[PDB]
Amino acid sequence: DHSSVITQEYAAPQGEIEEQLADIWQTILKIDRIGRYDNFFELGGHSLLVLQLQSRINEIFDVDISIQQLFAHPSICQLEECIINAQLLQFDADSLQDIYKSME
Amino acid sequence: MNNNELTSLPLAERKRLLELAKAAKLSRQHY
């Protein structure tokens, strides 16, 4: 009875975008909590868990994410960057350019 | 104007336009 690595300063999940993925992570790896800097590989996640995770990202966010992105961004704070681009993909690219050029 | 345009811009701009887009519902989905 000793697993994972020693914590000193756990970092709570961010609002609804970050906590959304974080909630599912501990259920997949059967872990305690998920910190924004905790790496899936240190926590107990392995390649097969990344495969199922992608499948959840697909239904949770209604987008098409690839497993490579999940491994490339092994933490909550990094993963959101992929959701940002993937979410925009469901919106129309023609009307998007009109909003884009008008942004701050 | 195509999907690669949005993936060519950096995250700072990516989330900026995404917010305006979601707020304006130009082609958003409520499914």
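Protein chains in written order, with the deposited numbering: chain A, 981 to 1084; chain B, 1 to 31. C-beta: ideal position from N, C-alpha, C; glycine also.
- Restricted to the segment 1040–1067 of chain A, the alpha helix (DSSP H) segments that are unbroken, complete and at least 4 residues in length are 1047–1052, listed in chain order.
- Among the residues of chain A, those whose CB is under 7 Å from the CB of B:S27 are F1071, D1072 and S1075, following chain order.
- By the rule that beta-carbons nearer than 8 Å mark a contact, A:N1065 touches chain B.
- Taken through DSSP and simplified to helix, strand or coil, A:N1019 comes out as coil.
- Inside the segment 986–1030 of chain A, DSSP marks whole alpha helix (DSSP H) runs of 4 or more residues at positions 996–1009 and 1020–1023, from first to last along the chain.
- Interface annotation, A:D981: not in contact with chain B, CB-CB separation never under 8 Å.
- Per DSSP, the continuous alpha helix (DSSP H) segment holding A:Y1080 begins and ends at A1073 to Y1080.
- Interface residue (Cβ-Cβ distance to chain B less than 8 Å): A:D1042 is classified as such.
- Residue state for B:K22 is assigned as helix, using DSSP reduced to three classes.
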